[PDB]
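As structure tokens, the structure follows; a few thoughts come after it.
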Amino acid sequence: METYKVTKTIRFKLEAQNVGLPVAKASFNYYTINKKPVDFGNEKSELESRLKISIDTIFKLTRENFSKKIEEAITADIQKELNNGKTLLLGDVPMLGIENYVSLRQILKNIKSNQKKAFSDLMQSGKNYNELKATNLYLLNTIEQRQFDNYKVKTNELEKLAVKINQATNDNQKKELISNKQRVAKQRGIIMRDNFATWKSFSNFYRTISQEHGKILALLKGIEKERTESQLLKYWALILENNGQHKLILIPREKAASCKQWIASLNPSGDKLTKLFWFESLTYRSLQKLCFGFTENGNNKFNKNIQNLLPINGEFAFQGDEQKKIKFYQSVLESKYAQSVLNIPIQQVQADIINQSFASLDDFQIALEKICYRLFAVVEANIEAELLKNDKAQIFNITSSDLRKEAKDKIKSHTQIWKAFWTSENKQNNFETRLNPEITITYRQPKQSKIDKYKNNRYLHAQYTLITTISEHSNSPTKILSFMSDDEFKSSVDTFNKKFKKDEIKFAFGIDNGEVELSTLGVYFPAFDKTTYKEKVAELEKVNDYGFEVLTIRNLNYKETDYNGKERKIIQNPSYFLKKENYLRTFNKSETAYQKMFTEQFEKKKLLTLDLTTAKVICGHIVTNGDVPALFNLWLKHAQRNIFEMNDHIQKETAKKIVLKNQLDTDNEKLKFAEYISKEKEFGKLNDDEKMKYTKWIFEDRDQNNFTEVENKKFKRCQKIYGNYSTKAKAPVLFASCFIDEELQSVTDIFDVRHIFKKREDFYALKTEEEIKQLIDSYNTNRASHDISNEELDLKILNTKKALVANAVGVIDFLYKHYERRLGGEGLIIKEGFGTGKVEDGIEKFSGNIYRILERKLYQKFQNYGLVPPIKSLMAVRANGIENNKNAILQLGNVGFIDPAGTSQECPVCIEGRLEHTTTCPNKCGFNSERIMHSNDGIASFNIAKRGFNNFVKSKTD
RNA sequence: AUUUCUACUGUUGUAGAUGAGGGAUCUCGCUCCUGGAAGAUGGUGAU
RNA sequence: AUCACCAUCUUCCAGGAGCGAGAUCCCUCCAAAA
RNA sequence: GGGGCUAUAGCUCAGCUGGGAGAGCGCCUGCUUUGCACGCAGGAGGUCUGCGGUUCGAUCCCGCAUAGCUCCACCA
Ligand SMILES: [Mg+2]
Ligand SMILES: [Mg+2]
């Protein structure tokens, strides 16, 4: 669909021949070398108009409600500071030249601190309940004597444990500490955090006020820095092309003036196997900066002239109309003076801009930008030495791996644009792909952790990197977001969604999240909607015409020996077994052998649904098992973190002990885990004898017992972290326990128990079961958690989640293209949008839940096609997602969202049938998911897509 | 073995993804500095 | 046996700064002619 | 534990409309038969679930806490 301008930051490597921290910066355009800071003068007035507060409206900045008694006290406390003509602000800003101001954020901090300080001295010195109630601690008063004493029970016990001086046996001292830090100090804090009603409220009133100030502080902070960033440009830059390779030439501004005066005299003869280059351009934004920039000071020379064309002065004079601006600017270029200082193709701009008429201000910007961007050429011989000698020009060479290899065709996308920029087919489109005129250079040191241990490498020696920015679709409308109001974004999305049409959409996907199968995919079409049950069943059955083709590895253990005597396994890297060129080269097999292997190892078939847990794109084929290793790194990092964050990381010795087991031994552990898996309220009501039967339910095989159904109704209601923990489970679980005593003895006290890891069958292809050695390695207590060292394992939970998404975006984008070039139309991505409360729960039951990342990486992908708008603040528009509405739909471009209510338990053909039916609809209709769907779990994604498509078309009807 | 990441990895490297820099608020884990309170123990002086 | 003082030293609380992990958020990336 | 409903005197409950705190049962007392007592009479009983806000005026509108049932969304 019609696109809009898009930017990206692509980089390469520079090789130095003549001469992280930003060692240098430069701009291609010769006129930006002496930039001046932007005119932010308008915004500063607005934010200054938002800092100031008037007391009386304070309590309207938060949802928290305070009674009148506290209401009067807090205002009274603040007023005591406003004497002597002070004025009130929402926060302290070290800018804007303000004086005699009182920071509301600071004052709220002070009263909270003093009260918490006073209440600590009171409780420790032994005063009584009725003595507290008469004091001025209006925040901590009114707590029940149930809480007041409960706090003091810990306090005396804590101070009573401060007699560790008397101990002269470290073996016994280390046992003392754990009984102090964990059981007492960490428990007293929670009591005050979640049970003091008035205290909790003020813990939220202060936070929101701290966040509101934070919002308008960073906004102002970025305004200050810009005035420092514009100073650092130093060099005009050139690109000298030679034998198909580019060189990078710098030149300081002490010489840039003379060099251009010399270079412009050289012959633009044509093509002679060597060229020098230099860019020229003007743009709409730069024109306003020239006419109305810094006008109030009166030093804007473009306002010393040109005044005749003015409407009165200032941009606002045009009353916001579009066409009046157009005519004024045309007159600016139509005036003689402007044509005497500017450098533009007068005859073409005269013929194409000044005399024309535009229907909107957008087209005027494009026409101006379109025509003023030029790429000159001077091709005189032996133009290298003069720059080095006369112009003291530093020189580099632009190089990268793809730019050095021999074979072509396969090349990385960020190298696909650079080589596509210089082509002649692009120069005839007025540079649809554009190289913007500011660049920068960095220099990274080698990693000392790599030099010491050492294999060709990058980190083993320093590197010069070039960071550039390139715009695609340069001749489409531009869209920017800086300083929009958080309520204008919701309006921007609403307008952008008018592009799509009821008839344009031809299909839709559907994605379902989970924990046994991290993501499942399906597809739906309007053709599946026949009227009768017989036709509906028959139409879906034609999988050959609708579905997609997928490979499946047959024997994950299959390996081979290669041309160097080394051994290679299929599961580590299939792409050495699918690409014909690779198999022949490496294993030295013949053409007949390669076809024999392919026919034997890789099954194939066509299906409607798929599993995104392990699918990847290899040499043009979808391999459902091509990504096993990258899932192992996710069930490892989750395990390596849980057994590191359940230790105690004091700087001082402690006796906490933690050990791994495949099963649980005593009734203390089994009862402690069953409490960890159940609802606290519902579990507590369970009888003390019934609790042990409930343990037999979880940890033994139900087949060899007689749990009565009435008892099942309880065991099925007390459970909230679902799973299967028996010894005969499909993916047996691995356990970890914590205690202080040396040996269990079936009597020892135990503090926690937690499931860590899941033993998936496929993982045995990579690592043997004896590789819990590598899971265990990442737990310790001697490591204080404020050091980065050999134990650098924590860092990679985020980075390891983007690996799985990197493999689920290729598949989703590969299928999207496939169908668009077969049905001839765009389509919708659909996924349940269950708000943010359901998302946090999801991450709670598994650190590796991929929901929020898998969304934020779909917006990044489909913007390039112009299908979704630019996204400023996602949570502003789509928090508290749909719920309890089987018709609504939320839409950001083509990425819709729907209610997941009842999806996974309905037959695609019927409305009454349920799942868990053994692939045949229990209502006795003809549906059979035997060889339509990858698995019975695929019905959810199919239903999610099915519902999504109908809701969207329904909305467009009216 | 890579502009960068992930899995591999040296007879031309292979397969997927890739907008970077700097900064703000909050939650959890930890360290150093300054101040306040409760308290063991040696010693000293009055009683 | 009461009260005062020096000293080793134990715990808890407040404020300042710094390191590791997670969540939300913001700006910059095209201007000048003597 | 991620969305919804009710809660009036000791018990059961009418009343919930912004201009209005009540009924039956239970209890105490007096009356009283020979005797249970059919019966007569009066009294005690309220933080309108607890807390808080809005309003000229609130059991009535608005926001939190506890007690009861509902959803394969997360899964032997
Ligand atoms: Mg779902
Ligand atoms: Mg599912």
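If the reach is capped at under 17 angstrom between alpha carbons, list the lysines near A:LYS408, excluding any in the same chain fewer than eight residues apart. Within the straight-line cut-off, A:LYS408 pairs with A:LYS419, A:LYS579, A:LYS580. Charged side chains reduced to their Cβ positions (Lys and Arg at +1, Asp and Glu at -1) give segment A:655-780 a dipole of some 680 debye around its Cα centre. Here the calculated FRET efficiency for A:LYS447 and A:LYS200, from their Cβ-Cβ distance with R0 = 56 Å, stands at 0.75, rounded to the nearest 0.05. Put in line by how crowded their Cβ is, counting other Cβ atoms within 10 Å and starting with the fewest, A:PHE509, A:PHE707 read A:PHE707, A:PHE509. A simple spin-label model places pseudo-atoms 7 Å from Cα toward Cβ; at A:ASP77 and A:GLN319 they are separated by 5.4 nm. Could you tell me what a quarter of the Cα convex hull surface of segment A:299-372 works out to, in nm² with one decimal place? That works out to 5.3 nm², a quarter of the Cα hull's surface.
If a spin label sat at a point 7 angstrom from the Cα of A:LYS174 along the line to its beta carbon, the backbone N atoms of segment A:652-681 nearer than 18 Å would be those of A:652-660. Dividing the convex hull volume of the alpha-carbon atoms in chain A by its residue count gives 274 Å³ per residue. Averaging 1/r over every pair of different alpha carbons in segment A:486-536 and inverting the result gives a Kirkwood radius of 14.8 Å. Would you be so kind as to identify which of A:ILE249, A:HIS213, A:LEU388 lies farthest towards the positive end of the dipole of chain A, taking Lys and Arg as +1 and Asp and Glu as -1 on Cβ and the Cα centre as origin? The listed residue farthest towards the positive side: A:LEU388. Rg then Dmax, both in Å and based on the Cα atoms of segment A:525-615: 19.0, 63. As a length-normalised measure over Cα pairs under 8 Å and 6 or more apart, the relative contact order of segment A:655-780 settles at 35 percent.
Using equal-weight Cα scatterers in the Debye expression, the normalised intensity of segment A:655-780 in log10 at q = 0.11, 0.14, 0.20 Å⁻¹ is -0.44, -0.70, -1.25. Remark on segment A:223-362: Rg and Dmax equal 19.4, 58 Å (Cα only).
Shown here is the pair-distance distribution of segment A:281-324: with all Cα-Cα distances grouped in 5 Å bins from zero up to the longest one, the shares run 5, 21, 28, 29, 14, 3, 0 percent. Pairs of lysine residues in segment A:299-372 that meet both criteria, 8 or more places apart or on different chains and Cα atoms under 22 Å apart, total 13. Place a label point 7 angstrom from the Cα of A:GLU254 along the Cα-to-Cβ direction, then list the residues of segment A:355-388 whose backbone nitrogen is under 20 Å away. Correct set: A:385-388.
Equivalent ellipsoid of segment A:463-613: semi-axes from √(5λ) of the C-alpha gyration tensor, largest first, are 42, 31, 16 Å.
Determine the calculated [θ] at 222 nm for chain A from helices alone, applying -39500 (n - 2.57) to every DSSP H run no shorter than 4 residues and normalising by the residue count; nearest 500 deg cm²/dmol. One gets -11500 deg cm²/dmol as the mean residue ellipticity at 222 nm. Each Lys and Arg contributes +1 and each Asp and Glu -1, all at the Cβ; summed about the Cα centre of chain A, the dipole is approximately 1180 debye.
Listed cross-link partners A:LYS234/A:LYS275; A:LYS116/A:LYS181; A:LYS5/A:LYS501; A:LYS109/A:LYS685; A:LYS260/A:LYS405 are compared with a 32 Å cut-off, the Cα-Cα value being larger for A:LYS109/A:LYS685; A:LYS260/A:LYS405.
Given 25 °C and 0.890 mPa s, how large is the Stokes-Einstein diffusion coefficient of segment A:430-497 in µm²/s, with Rh as the Kirkwood radius over Cα pairs? Result for D is 146 µm²/s. Taking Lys and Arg as +1 and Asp and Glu as -1, the other residues whose beta-carbon sits under 15 Å from that of A:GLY684 total +2.
Quick one: go through segment A:306-328 and flag any residue whose amide nitrogen is under 14 Å from the point 7 Å out along the Cα-to-Cβ line of A:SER357. Output list for this probe position: A:323-324, A:327. Bridging of A:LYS289 to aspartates and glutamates at a Cα separation below 17 Å is possible for A:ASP39, A:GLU43, A:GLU226, A:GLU315, A:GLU369, once same-chain residues fewer than 8 apart are set aside. Averaging Cα coordinates gives a centre for segment A:860-926 and one for segment A:737-779; these two points are 38 Å apart. State the answer as a single residue: which of A:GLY825, A:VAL909, A:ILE143 lies farthest towards the positive end of the charge dipole of chain A, with beta carbon charges of +1 for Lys and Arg and -1 for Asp and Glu, about the Cα centre. Projecting each Cα onto the dipole axis, the largest value belongs to A:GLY825. A 23 angstrom limit on the alpha carbon distance is what I want to check against. Which of A:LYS831/A:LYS872; A:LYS221/A:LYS796; A:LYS693/A:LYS720; A:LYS225/A:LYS861 exceed it? Over 23 Å apart, Cα to Cα: A:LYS221/A:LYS796; A:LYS225/A:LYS861.
A short reminder: the numbers here are calculations on the coordinates, not readings from a lab. Positions of Cβ are backbone-derived with ideal geometry, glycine not excepted, and every protein chain shown enters the neighbour counts.
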